[PDB]
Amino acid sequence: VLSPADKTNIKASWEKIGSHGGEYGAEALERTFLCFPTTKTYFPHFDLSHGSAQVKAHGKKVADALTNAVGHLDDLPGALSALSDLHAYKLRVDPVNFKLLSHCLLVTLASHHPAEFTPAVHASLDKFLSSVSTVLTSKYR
């Protein structure tokens, strides 16, 4: 459950990320397949080479999706309906995998903005990725 200080911290931290959104999502995925390879099996279609325009584009979907998420911190269930529909009904993604990716996003954000990645911000954003994950793994259609 995010507090208003959690909201302030995610809102402040997220636009500081900004245009570099798409580029950090891609790094957050590359980092995921690399440290945790079993999660490669969710994208057997995908070109998962280190170049990949694909991993990049998809890396842009994630980033966008989380922006959507920070715009409606008050109604994540409602904003995240369709993505929940996808990750829970259609892809049946195992909840451990959101925690890997979620952690991989943090390593990434911390390696790029060390000034904004304060101990408190770290706390709020982990709660956030922990809350978006629960939506994306629950079925409530």
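One rule holds for the numbers: they count along the sequence shown, beginning at 1.
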Q: For the higher mean C-alpha B factor in the entry, choose 128-136 or 9-17.
A: 9-17
Q) Which of the two stretches, 100-108 or 63-71, shows the higher mean Cα temperature factor in the record? A) 63-71
(Q) Going by the CA temperature factor in the PDB record, which third of the chain does residue 115 belong to: lowest, middle or highest? (A) middle
Q. Among the modelled residues of its chain, does the C-alpha B-factor of residue 40 lie in the lowest, middle or highest third?
A. middle
Q) residue 87's Cα B-factor: lowest, middle or highest third of the chain? A) lowest
Q | residue 26, C-alpha B-factor rank within chain (lowest, middle or highest third) | A | middle
